[PDB]
Amino acid sequence: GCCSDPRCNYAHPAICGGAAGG
C-alpha cells in the first residue's frame, strides 16, 4: 500500500513502484 501512503508517494514520486509490493 505504497500508493495509499504518502511516505512512498513523496519518497518515490518518480514512479509508484512500491505499490506493487503493498
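Residue numbering: from 1, along the chain as shown.
Keep in mind that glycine also has a Cβ here, set from the backbone N, Cα and C atoms.
Here's what Swiss-Prot has on this protein:
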type: DISULFID; residues: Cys2-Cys8; note: disulfide bond
type: DISULFID; residues: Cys3-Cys16; note: disulfide bond
type: MOD_RES; residues: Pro6; note: 4-hydroxyproline
type: MOD_RES; residues: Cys16; note: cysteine amide
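If you check the PDB entry, you get these features:
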type: SEQADV; residues: 18-22; note: linker
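Recorded features from Swiss-Prot, shown on the structure.
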{"residue": "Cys2", "record": "disulfide bond", "contacts (Cβ under 8 Å, 6+ apart)": "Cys8, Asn9, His12, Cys16, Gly17, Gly18, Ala19, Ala20, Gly21, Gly22"}
{"residue": "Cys3", "record": "disulfide bond", "contacts (Cβ under 8 Å, 6+ apart)": "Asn9, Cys16, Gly18, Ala19"}
{"residue": "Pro6", "record": "4-hydroxyproline", "contacts (Cβ under 8 Å, 6+ apart)": "none"}
Subject >> Residue distribution over DSSP helix, strand and coil in the linker (18-22) >> reply: 3 helix, 0 strand, 2 coil
**OP:** Measure the Cβ-based neighbour count of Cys8 (disulfide bond), defined as the other Cβ atoms within 10 Å of its Cβ.
**Re:** 18
Subject >> Cβ packing number for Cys16 (disulfide bond), 10 Å threshold >> reply: 13
Original post:
DSSP on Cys2 (disulfide bond), three-state: which is it?
Top reply: coil
